[PDB]
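Everything on this sheet refers to the single structure shown next.
When reading the values below, keep in mind they use all heavy atoms of this one structure, side chains included, and skip hydrogens, waters and symmetry mates. Below, chain A is the first sequence line, B the second, and so on; all start at residue 1.
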Amino acid sequence: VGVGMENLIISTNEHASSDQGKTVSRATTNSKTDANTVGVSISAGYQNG
Amino acid sequence: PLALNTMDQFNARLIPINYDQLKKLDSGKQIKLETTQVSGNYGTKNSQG
């Protein structure tokens, strides 16, 4: 009795995945600011004096 | 007809196919069934009848 092989079949055990996603968002911002400025200027020249 | 869906000795393991075979099935190819051998018993009589 002998055994002969006629075909070899390979099944790869790899895992494949796919993902699909959607996002919607809304943001609201309120801002409040105050500023203070102090300035000093010195000028000197000759305009008819 | 009866359902054949297991491949192990204790009817606890299903019959798997790989990705290429599934793609072939989804492409219109069909699976054929062949009978290789059949086991069975015959009846006799014992000393007790």
Side-chain angles (χ1 to χ4, degrees):
Chain A
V1 175
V3 183
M5 180 176 51
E6 326 206 334
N7 212 350
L8 198 283
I9 297 117
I10 303 144
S11 315
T12 307
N13 215 0
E14 52 193 40
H15 193 73
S17 35
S18 50
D19 265 289
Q20 201 142 279
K22 272 177 176 284
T23 39
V24 55
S25 176
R26 178 188 229 223
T28 306
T29 321
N30 290 95
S31 291
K32 181 36 186 106
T33 172
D34 276 290
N36 278 271
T37 306
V38 198
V40 156
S41 146
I42 316 275
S43 169
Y46 180 85
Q47 195 173 134
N48 270 60
Chain B
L2 68 102
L4 173 64
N5 55 339
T6 44
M7 66 150 32
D8 71 313
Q9 199 175 299
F10 309 117
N11 295 300
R13 167 100 172 103
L14 306 172
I15 311 160
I17 60 157
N18 62 52
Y19 198 48
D20 324 288
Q21 285 145 2
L22 183 60
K23 293 287 127 281
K24 272 147 135 174
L25 284 182
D26 295 346
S27 92
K29 285 170 180 33
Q30 310 267 86
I31 281 156
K32 316 294 162 189
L33 182 130
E34 331 190 316
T35 315
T36 68
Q37 58 189 15
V38 182
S39 276
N41 296 318
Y42 59 90
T44 49
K45 261 117 197 162
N46 66 5
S47 263
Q48 286 99 290

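- Applying the side-chain hydrogen bond (donor to acceptor under 3.5 Å, both in side chains) test to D34(A) and every residue at least two apart in sequence or in another chain returns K32(A).
- Smallest separation of non-hydrogen atoms from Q48(B) and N46(B): N-OD1, 3.0 Å.
- A salt bridge between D20(B) and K23(B) is absent, with no side-chain N of the basic residue lying under 4.0 Å from a carboxylate O of the acidic one.
- Heavy atoms only, all atoms of each residue included: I15(B) and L4(B) are closest at CD1-O, 4.3 Å.
- Closest approach of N18(B) to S11(A), counting heavy atoms only: ND2-OG, 3.0 Å.
- In plain terms, the two heavy atoms of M7(B) and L14(B) that are nearest each other are CG-O, 3.6 Å.
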